[PDB]
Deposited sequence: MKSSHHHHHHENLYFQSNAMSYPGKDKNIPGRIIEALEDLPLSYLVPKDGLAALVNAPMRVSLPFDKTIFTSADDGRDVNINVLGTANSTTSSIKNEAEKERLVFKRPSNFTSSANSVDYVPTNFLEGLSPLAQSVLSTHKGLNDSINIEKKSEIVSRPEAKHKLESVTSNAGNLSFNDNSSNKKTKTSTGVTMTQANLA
């Protein structure tokens, strides 16, 4: 087919330069297509839906019940009961007993051996 452009001469026509628009786009990403992935999810998370259960218990002053309080490395089913706490991805900051009641402090100290807590990653 005939077009005036390719017929007539002009600067660069003999050089290695794109003379038609599609060839000009070979080394030009369509960057005006700005990706938006993750933005909707950002609105959607973090999200929690829960069922609040507000019911007071152990209110009867006459209640006489009391409590006796003095109480592996291989793949096992017993490790279902052994507590494994979650290693967090981050530190929330860049003495934690302060503020605890004396009784809470006392029970905590008496049972310090049981505090060999295991913290693990997913």
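J.: Counting from 1 along the deposited sequence, give me every gap where there's no C-alpha, start to finish.
T.: According to the deposited record, C-alpha coordinates are absent for 1 to 12, 84 to 91, 115 to 123, 152 to 200, which together make up the missing parts.
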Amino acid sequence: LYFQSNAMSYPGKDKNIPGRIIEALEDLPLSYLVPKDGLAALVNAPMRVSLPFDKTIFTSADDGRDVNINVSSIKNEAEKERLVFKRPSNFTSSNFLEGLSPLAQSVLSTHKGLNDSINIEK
From here on, numbers count along this sequence of modelled residues.
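J.: Looking only at CA atoms, which has the higher mean B factor in the entry: 52 to 60 or 37 to 45?
T.: Looking at the record's C-alpha B-factors, the answer is 52 to 60.
J.: For the stretches 62 to 70 and 83 to 91, which has the higher mean C-alpha B-factor as given in the deposited record?
T.: Mean B over CA atoms: larger for 62 to 70.
J.: Kindly indicate the residue among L114, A24, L100, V107 with the greatest C-alpha B-factor in the PDB record.
T.: Out of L114, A24, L100, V107, the record gives the largest C-alpha B-factor to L114.
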